[PDB]
Structures are given as C-alpha cells and as structure tokens.
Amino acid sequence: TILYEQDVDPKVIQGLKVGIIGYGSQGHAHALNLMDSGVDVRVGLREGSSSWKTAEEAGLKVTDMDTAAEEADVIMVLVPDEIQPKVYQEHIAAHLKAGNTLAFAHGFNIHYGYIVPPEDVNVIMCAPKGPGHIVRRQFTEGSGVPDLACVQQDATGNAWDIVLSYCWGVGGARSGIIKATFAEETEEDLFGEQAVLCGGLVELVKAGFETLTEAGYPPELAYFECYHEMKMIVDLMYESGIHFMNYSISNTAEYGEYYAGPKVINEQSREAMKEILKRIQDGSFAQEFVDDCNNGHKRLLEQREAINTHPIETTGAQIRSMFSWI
C-alpha cells in the first residue's frame, strides 16, 4: 500500500529536465526540493513578476513560462487551479512534444475535464498532502510530506517510474507515497480540506474562542486556550498517536475529551460531512467554486475579509508579536 525509498528510483527524475510553472506555495517547494535532490529545474514566470527575483535569489534558473515549457521534459503546473486551463492553453500546450510528461499536484482540472492533454504525453500527479511551505520546510529538516502518486496517461510506458521518482525528489518517500487515481486524489483532498483540516478546524477554534469571549472571558486568554495550545496537542498526536497525547494530558482532560467530543462533533456534524463528500463526488462543489472564480472571487474574498478582521486574528497578531525566544 505505502511506498518508500527502496521502492523508487531517484535516477529517473535526475535524468529529466523539469519545468515548474508558477512559484507560489507548492511551486517554490517543488522547485527547491527538486534542485536540492540534484534535478535540473527551471521555474517559468511572467516577465516582471515579483517572484522572479525571489526564485533567482534562492538559486533557481528562472525563465518565461513558454521557455520553461519548451525546455522541459516534465512540465509541472503549479498556478491556481482556476487559472490552469488558461495558462495551459496559452503557454504550455504548444510546447508539449511526444514523450514529455505533464504533471499536476491536484487532480481537479484533469478529473473535471477543464484540461484535456494530447495523446502522446504522460499525464501524472504528485500531490503532497501538506501545504507548500511545509512541503519545503520538512524536506530541509530531513523529513518530507507524504505524497499521492497518480498516472492518468502513460505514453512513455514509464510514467509510474517518473511520478514515483518525482515524489522522491520532493521528499515523499521519507514518509510514504500512496498510488492513487486522479479521481480518488481529487475527492479525498477536497474532502479533507473542507471537513477537517481547514473548514472544520478553523470553525472549531473560532467557535470555542467566541464561546469564551461571549461568556466574559478575556480574548487574550481565549486565544492561549483555544488557539495557541492547539499546536501543542496536535504535535503530540502527530509524533506519537492519540494514545500518547491522552497519556500526556491530565485524567481530568482525558475524561472531558471522551465526554465532550461527540457533543461538539455531533450527528449533524457527521451528516454534514457526508453531504460535503456527496457534493464533491457529484461535481457540484467544483462548479460552485469555478462559478465564484468567474465572478471575481466575490464569495472567497468577502469571507477572507471577514476572517482576517475577526477578533481571533487581531488578538493573535498582537500576542504573537510579543513572543521572545532565548
């Protein structure tokens, strides 16, 4: 089920030229981890982008997107999902040669049919299960974010060797690579970020913080209890399991966990998770999201403004600004 360093061949990606289109969250992580893994990488950007100089200063070769796509054997598309079909049609498609590989870090555009690649190129994905800044940070610390590896089209007959070697180059074989399909990855990744990692988690910490401040407790106190301490609890779970986190916390807390958890994450919460999954699988969430992107990110940005001005953020920025380290 899970593959590690003995299951992959680093030489396969080391023998191919990689073009990373974009330099955002995933783009910088993939480009720098592959550079450090001995791969010939170049980053493709719009002329005059502010990210040009950043990438150059980090030691990477930077060129325009058309040049990166024409030079590369593996073209990895790391611009926002809603932008990829336009960037693909205008700067990538005409430069694909039979025997190149087009790669993604999410299956959204190929699964939902917004990009249809030509027949004589591989279509692969290396999807790190982790946000880009951390895909970079863990690799520099000797660890690595786990990846899902997928092949939609194998024109060379070695697409699997190529995608597994690319996961190696971004740190995935340190923690584990799982083979999956483009539809599986798209659906589980959408579900996780909606239900648990970003949707669920940020609303649970906001609701706790608002319960405490509504009840009269000071917002600095509520930040250190519901928000800052979260990292500490999750660090123990990440390293050593729920059983070790529950051994570290007091018996008072552990009884409280078992009593309160099903009350806060209730039958309705579970039914909402089933409905989240249903709208992912039926394509309705993907259409909602692309509709909002074609309406100037209207919903996204009014929701961004609301959370960025929430009292948990104003209180947290002041607290964090006063931390001192020895």
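Residue numbers here begin at 1 and follow the sequence given.
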Looking at the deposited entry, does 280 to 288 or 25 to 33 carry the larger mean Cα B-factor? 280 to 288
Highest mean C-alpha temperature factor of the two stretches 223 to 231 and 210 to 218, which is it? 210 to 218
Comparing against every modelled residue in the chain, figure out the third that the C-alpha B-factor of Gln303 lands in (lowest, middle or highest). lowest
Looking at the entry's B-factor column for C-alpha atoms only, identify whether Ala260 ranks in the lowest, middle or highest third of its chain. lowest
Assigned third (lowest, middle, highest) for the C-alpha B factor of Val170: lowest
Chain thirds by Cα B factor, record data; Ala195 belongs to the middle
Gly157: CA B-factor among chain residues, third -> highest
